[PDB]
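In what follows, a structure is listed as structure tokens, so that the remarks can point back to it.
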Amino acid sequence: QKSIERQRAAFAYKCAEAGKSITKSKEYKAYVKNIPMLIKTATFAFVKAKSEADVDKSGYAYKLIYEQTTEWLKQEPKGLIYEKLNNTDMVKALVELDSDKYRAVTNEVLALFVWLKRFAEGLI
Amino acid sequence: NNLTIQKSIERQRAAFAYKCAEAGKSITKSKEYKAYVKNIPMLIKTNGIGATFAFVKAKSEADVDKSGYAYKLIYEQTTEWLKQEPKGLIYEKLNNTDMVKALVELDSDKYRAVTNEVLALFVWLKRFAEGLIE
Amino acid sequence: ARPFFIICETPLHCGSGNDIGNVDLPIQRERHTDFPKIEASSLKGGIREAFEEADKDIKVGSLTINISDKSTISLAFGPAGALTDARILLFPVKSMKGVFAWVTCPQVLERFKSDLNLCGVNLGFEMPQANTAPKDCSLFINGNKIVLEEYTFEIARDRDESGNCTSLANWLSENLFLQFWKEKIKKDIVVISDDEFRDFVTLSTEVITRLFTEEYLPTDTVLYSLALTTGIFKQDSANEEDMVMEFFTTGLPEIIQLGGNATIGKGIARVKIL
Amino acid sequence: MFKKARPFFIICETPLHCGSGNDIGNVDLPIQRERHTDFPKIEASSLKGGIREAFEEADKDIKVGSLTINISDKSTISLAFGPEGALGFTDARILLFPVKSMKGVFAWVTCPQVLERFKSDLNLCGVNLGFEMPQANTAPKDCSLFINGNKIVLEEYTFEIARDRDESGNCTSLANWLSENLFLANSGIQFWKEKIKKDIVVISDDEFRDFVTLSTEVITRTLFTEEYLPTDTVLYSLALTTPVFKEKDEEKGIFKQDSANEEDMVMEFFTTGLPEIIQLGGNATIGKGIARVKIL
Amino acid sequence: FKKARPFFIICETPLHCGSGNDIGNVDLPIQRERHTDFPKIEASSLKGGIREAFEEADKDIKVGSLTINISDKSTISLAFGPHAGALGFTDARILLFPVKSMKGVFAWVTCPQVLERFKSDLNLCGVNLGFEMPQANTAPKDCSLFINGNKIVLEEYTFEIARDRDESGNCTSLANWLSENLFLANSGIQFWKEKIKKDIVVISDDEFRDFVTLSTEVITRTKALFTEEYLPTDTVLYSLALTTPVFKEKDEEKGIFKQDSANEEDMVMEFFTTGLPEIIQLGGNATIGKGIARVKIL
Amino acid sequence: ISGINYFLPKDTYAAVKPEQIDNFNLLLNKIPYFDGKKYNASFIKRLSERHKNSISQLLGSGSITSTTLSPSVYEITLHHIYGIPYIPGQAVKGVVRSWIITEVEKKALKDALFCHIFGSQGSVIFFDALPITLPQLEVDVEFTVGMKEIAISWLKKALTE
């Protein structure tokens, strides 16, 4: 609870358990592992664009991750973006920061998926 | 006379470690199991128990003939030990949840007790695995 | 007599000769219970070495002299003086919460109560029963359990300060030290069962391998002893033992060297008179 | 027994490995630890061997009181450190330990027990600090490790640390004294001096043990794995002296002065000729174990 | 440890020195300093690489008044080791790091802590630079990475830096000294000769740490589809080479090192400093042409 | 602003315009374009010269034989730092293996020639090539430097197919 590393673990596991019971499942694993590297070389905009709200389509996976990878940033321990995310959308906020904050958030987001990658393969 | 509590625990650790080593040698990829059992303590030292066992869960393979079956066996065996060894510190959680999930919802003191417990088990598990498998 | 409690500051190693066991330079042990001890022929030798080296002026009886007087030391204690064997009262063991905890068995406390009663001290409280801890102990995880080394013990905390353990802790804190150690000793004092105590004092001693292995007592150990009494200070006469004991208490320096390997800083200890 | 004492620090310049022999510990080749606290240390034997080797191989001339003498002479050394003694050293303990941080890269951590032991060890030598030690969870006034309020983020943990105000606090004075007495008179080493004035954090004795035990470097050699102490660690120790062990005045060498005791001349010989860098620990053939020594 | 000298290492192809599984982001991370997260090469790997490159070479060398081929096995044991050798090495630390730049193609980076440590290391070897290490956010007098007056932008991120005014500035002195220390004295790879004297950028340690933690090339591979981590090209490192008189008893067994003029340490140093190849291959996975670094003794 | 760029967040939007960069790795990858629903050659030559000279000095001249056998981003192997078009590095090995396996597993693992040439105790070494023509090479819609006996012959034949 008081350790950052163990805090991300609790969210990651509940996140993956939400992947199961979904019609299109094996897809979910494919993008989870594909997220990290993409961020290395905006990336969420890609994820935002390819979203579709149906619960039986191969785009629902981005309908989950986007909403799933913003709820975490609300509970961030360091607290990099809390207010700005309360009345906007992730891409609508990360395009409203400066150079310093971008790096801080950049590392934070790439950090969560590391556990998501591990737990995704554990149960999927 | 009755045995001191300092030894009633070692006499259990050694027996359980030997049983686990034999069970590992039984399977079709005993070499992989012997190799794997010698890396976990270093990984625990370098990263931490939670990440190490999450990674172990990651590589688990369903079939019993696949090279990864050793990781699944290690997961199950180190899950059995934590139920009994701490004398009720983390028993209440493992009954209805996966071990890794429980191992991330603990305070610092329980975390360090579990770490010491696992290292103490592995000092014997690897000691017997080095012997019974060539 | 006067109980003077020795406390270690660096690992203490008294030569016990030789052995054909594992350790190649063990420490002296009680001949039938394996508790560590310090031979009187070494304690007295070290105290004399301190006295023969010190230099200051004290006031005993009526006159006043300097403890460097060869005659004074030569006569008072030894060349045969009007002025025992060291005993272990507390021992440190690693714990998961609190870094370290002191442990003592009921047998040692009974021996201690026997030893003090000669000097007239009256503690006034019954010694604590086995498997108990002070009221404000900081070694407890999950309430009912402590984890010394890599093992688990079950212990019950004393509900109120009236109990035996809390009173013993308070008395030890007050009498033993003339601030951090005083604050700690009133909280971390566990009393394990007698049988389990012997295991710790036999398989928990430092062994520095410099190829051969030596053995030292851990730092922060607490030991106690007894000092009894019965020319320059001749005076009208030695009123009971009031002369020799007065000289001894006045002259006892604060830092003494015991045991071997003293050329590499080992064997320093602190001396306090009860 | 001993007459004179003098504290002297040890600062690592590359990872140091004072071998502990063997054990059943996790790693294959572990460092030496106190039995009842798991705090790292260096035994007096290794330190004395290292200092002796550093002294013997040197070549210079110093003035010990009133006579010129080369420091490499075999007879003098044999009279000083003992026959192939009048000088000694105490086991070295850990005072400051580096731990990774989110801001500032790395921070130094110490705990109340270590500081109290340091104060007690400084008592034997007659040096009085002149101020009390700080409490748990405190940091100097000008600390830069803070992020988003009072919280500090060392490693993966987050401790709530209380700053210190008015520049008169215990912790600020401790940091200032260390900065002003842990480094020689300035000759170009300004960065470390400046940093140590602001990047000290005091944490509870429990967590400081969680570090150190699971925060030491581990390397894989060719297989077997080894464990090392991180660079920039700070350790302290004592030097103890006694009058020479001899019977004849003409056999004492230069230490039998007209109007000075042997102990003071031995101390002057030690402190006025000690080299500036010595090698300690094992695996020295691959540049592991160099250290810096300052007396004060 | 009577004598020691420094020598630089410049990488020209991706260089990888793995260290256990070390479960993390990349499936094969590079060795990293524990308390700063900077990259490094363990001393064992550097020693092994240099010994290997020493064994398979062949050429005559002169040491004072004698000639020996550096490939002989009678002297290698005495110099390197089968009796602990008489020629050690220190671990390699990171000094400069290349990160993509919008203007100027690619800009190097460094932080004050690294330069301070480097200055401290050279002090053991009786070398004094003669100027002062620059302060954070400082670039040479005539840099060409600038855009929009005084701003600079490397990677997506943006930075504000201030130029110098004359030659006496610290940045200009540091660059000028590096120019005649990191490359060959004569003609060589001069295409980078004037870019190191104009395109060094100094940034606060906090930013440099993140740069080196995220700006490592990651070239995927299949076998079984995992990733890899490599130190970018043109990275610059440093290290110290140590020496001591040989560990032999009889004066006959000391080999060529024992003459009637000078000490053993000087001969060992001459051997090392005249018997090295200007190019070497460190790292791993060399069969796919990964890792080629130059070596230049100061 | 937003839309075309979706980057340079205020600090980085100023002092930079879409047509002022000088490194194609960033332009192609760093700044994508969202539709809402889905180079000086002196360097190009010096890079190749330095690469060849280094491979030469380290490698024996006899051992290697070069053999010229060849000329934003949405859903392009550019060198990470230099951002040029040729960084295969390992695709030479991959193409050779694919060509021979498809043309030529137990049968593949029965002849020593298939134990070192495509070793798997490696002996043959393959280097990543680079530009030789300074071509703009816009997309519409020494390529092998093997060294360590007769291996460029097998490689050229595979490439042609």
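Compactness ratio of the stretch E:153-200: Cα Rg over 2.2 N^0.38 Å, N = residue count?
Numbers: Rg = 13.1 Å, N = 48, 2.2 N^0.38 = 9.6 Å.
The stretch E:153-200 yields a ratio of 1.37.
For chain B, what's the relative contact order in percent, using C-alpha pairs closer than 8 Å and at least 6 residues apart? Don't jump to the answer; show the numbers that get you there.
Values: 112 pairs, mean separation 50.0, N = 134.
It rounds to 37 percent for chain B.
What's the magnitude of the charge dipole for the stretch C:1-116 around its Cα centre, counting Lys and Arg as +1 and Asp and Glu as -1 at the beta-carbon? Answer in Debye, nearest 20. Kindly include the intermediate steps, with their values, before the conclusion.
Details: 14 positive and 15 negative charges, 92 e Å.
The dipole magnitude comes to about 440 debye.
Where Rh is the Kirkwood radius over the Cα pairs of chain A, the temperature 4 °C and the viscosity 1.567 mPa s, what D in µm²/s does Stokes-Einstein return?
The calculation lands on 86 µm²/s.
For chain F, would you read off the P(r) tail past 24 Å as a percentage of all alpha carbon pairs? Intermediate values should be presented prior to the final figure.
On the way: 6582 of 12880 pairs.
That fraction is 51 percent.
Using only Cα atoms, what is the ratio of the radius of gyration of the protein assembly as shown to 2.2 N^0.38 Å?
Relative to the rule-of-thumb radius for its length, the protein assembly as shown sits at 1.04.
For residue B:29, list the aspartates and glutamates whose Cα falls under 17 Å from its own Cα; do not include residues on the same chain fewer than 8 positions away.
The reachable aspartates and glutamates, counting only those whose Cα sits under 17 Å from residue B:29, are B:61, B:63, B:65, B:76, B:130, B:134.
Output the pairs from D:41/D:288; C:113/C:184; A:117/B:126 with a Cα-Cα distance over 21 Å in this structure; if there are none, say none.
Distance filter (> 21 Å) returns C:113/C:184; A:117/B:126.
Return the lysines within reach of residue F:106: Cα separation strictly under 22 angstrom, same-chain partners fewer than 8 residues apart disregarded; answer none if there are no such residues.
Partners found: B:66, E:223, F:93.
Which FRET efficiency value, to the nearest 0.05, is calculated for residue A:41 and residue A:98 with the Förster distance at 25 angstrom and r the Cβ-Cβ distance?
Using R0 = 25 Å, I get an efficiency of 0.70.
Evaluate the charge dipole of the protein assembly as shown about its Cα centre and quote only its size in Debye, nearest 20, assuming +1 on the Cβ of each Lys and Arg and -1 on the Cβ of each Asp and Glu. Walk me through the intermediate numbers first.
Working: 156 positive and 177 negative charges, 729 e Å.
That gives a dipole near 3500 debye.
Using only alpha carbons, build the gyration tensor for the stretch C:152-274 and give me the equivalent ellipsoid semi-axes, biggest first, whole Å.
That gives 34, 26, 13 Å for the three semi-axes.
Longer than 19 Å from Cα to Cα, which of B:72/B:101; D:74/E:248; D:193/E:141; D:252/D:294; E:119/E:193; A:57/F:38 are they? Say none if no pair is. If you can, show how the numbers build up before the last one.
Values: B:72/B:101 16 Å; D:74/E:248 21 Å; D:193/E:141 29 Å; D:252/D:294 28 Å; E:119/E:193 22 Å; A:57/F:38 17 Å.
Violating the 19 Å limit, Cα to Cα: D:74/E:248; D:193/E:141; D:252/D:294; E:119/E:193.
How charged is the neighbourhood of residue A:52? Take every other residue with its Cβ under 14 Å from the Cβ of residue A:52, and add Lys/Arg as +1 and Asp/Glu as -1.
Around residue A:52, the charge tally is +3.
Residue by residue through B:48-59, how many Cβ atoms from other chains fall within 10 Å of the Cβ on average?
Neighbouring Cβ atoms belonging to other protein chains average 5 per residue here.
At a Cα cut-off below 17 Å, give the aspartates and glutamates reachable from residue D:60, other chains included and same-chain residues fewer than 8 away excluded.
D:73, D:268, D:276
Using only C-alpha positions, report the orientation-averaged shadow area of the convex hull of chain E, nm², one decimal.
Approximately 17.9 nm², given one-decimal rounding.
Can you list which of the DSSP-assigned H helices in chain B have a Cα extent of 27 Å or more along the long axis and an average Kyte-Doolittle score of at least 0.0? Could you put the intermediate results ahead of the total?
Values: long enough: B:108-132 (36 Å, 0.16).
Counting only whole DSSP H runs, the qualifying helices are B:108-132.
Out of all Cα-Cα pairs in the stretch E:113-153, roughly what percent, to the nearest whole number, are more than 15 Å apart?
Tail of P(r) above 15 Å: 56 percent of Cα pairs.
Which percent of Cα-Cα pairs in the stretch E:1-78 sits in each 5 Å bin, short to long?
The percentages, shortest bin first, are 3, 10, 14, 19, 17, 13, 9, 7, 5, 2, 1, 0.
Could you sort C:253-264, E:184-195 so that the peptide with the highest average Cβ count within 10 Å comes first and the rest follow in order? Provide the component values of the computation, followed by the final result.
Numbers: C:253-264: 18.2, E:184-195: 12.6.
So the peptides C:253-264, E:184-195, ranked by packing, come out C:253-264, E:184-195.
Read-outs: derived from the displayed coordinates by stated rules, not from any lab. Reconstructed Cβ throughout: ideal geometry from the backbone, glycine too, with neighbour counts over all protein chains shown.
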